[PDB]
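Engineer: starting from these lines, generate the structure:
(2 chains)
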Amino acid sequence: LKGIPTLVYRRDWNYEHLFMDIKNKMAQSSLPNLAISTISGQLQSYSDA
Amino acid sequence: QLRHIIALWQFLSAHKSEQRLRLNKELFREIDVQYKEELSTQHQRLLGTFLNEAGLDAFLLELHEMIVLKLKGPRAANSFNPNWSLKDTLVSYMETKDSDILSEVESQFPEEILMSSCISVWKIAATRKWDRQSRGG
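Structural biologist: Numbering: from 1, shown residues only, chains lettered A, B, ... in the order given. Here you go, the structure:
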């Protein structure tokens, strides 16, 4: 039942199939406590965000 | 590096919203009006009792990812009935992937937050974050 002709309905912008794909291919760690301060000090502007 | 991206993403996502908090703007504007109501005094007193001993730096991050990924607006009451507790939906969302700090929200979060007041809990958490990182330093 592989190649059945089928049009697709749902528009895959739920961001969650994307997330489950990143946990599948790579071993995603968390952020360091100093890199939080680094990326939050340098992004005080709203346009840069 | 690329093993941080999603967490990096959600951090910056929450960061954008908290910038919306400090410039005094209407900060969601697209989600449904049913969730955008005020807490009563008892719920926000129990919330403050939670937040006095709380890992805010992960709490408001996970809450903001869940709201802007799940509470999208039209057809969002499918699995997210606005009369449940936040503790049950957060632990049910968070046994799939995450291995974080779970006993604090198991033994300390209030049992009767009444879901329809969802984002005002986030507003109180982020303004407590801002009072800590601005009034102190």
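Engineer: ok, and the closest non-adjacent residue to the residue nearest the centre of chain A?
Structural biologist: Centroid-nearest residue in chain A: residue A:19, 5.2 Å away (criterion: CA atoms, centre = their mean). Excluding the flanking residues, the one nearest residue A:19 by CB to CB, 6 or more residues apart in numbering or on different chains is residue B:6, at 6.0 Å. For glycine as for every other residue, the C-beta is placed from the backbone atoms N, C-alpha and C.
Engineer: mind listing the strands for chain B?
Structural biologist: Secondary structure of chain B (DSSP state E): no strands present.
Engineer: OK, contacts around residue B:109?
Structural biologist: Contact analysis of residue B:109 by CB atoms under 8 Å, 6 or more residues apart in numbering or on different chains lists B:50, B:86, B:87.
Engineer: got it, and residue B:114?
Structural biologist: Residue B:114 touches B:43, B:83, B:85, counting by CB under 8 Å, 6+ apart.
Engineer: now do residue B:69
Structural biologist: By CB under 8 Å, 6+ apart, the neighbours of residue B:69 are A:14, A:15, A:16.
Engineer: try 7 Å
Structural biologist: Applying CB atoms under 7 Å, 6 or more residues apart in numbering or on different chains, we find residue B:69 in contact with A:15, A:16.
Engineer: if we can go back for a sec, show me which of the contacts of residue B:109 are buried.
Structural biologist: With burial judged by 16 or more other CB atoms under 10 Å in any protein chain shown, the buried subset of the contacts of residue B:109 is B:50, B:86, B:87.
Engineer: from those residues, which single one is nearest residue B:134?
Structural biologist: Distance to residue B:134, by CB to CB, is smallest for residue B:50 among the buried ones among the contacts of residue B:109, at 21.4 Å.
Engineer: doesn't residue B:111 make contact with that closest one?
Structural biologist: No. In this structure residue B:50 lies outside contact range of residue B:111 using CB atoms under 7 Å: 10.9 Å.
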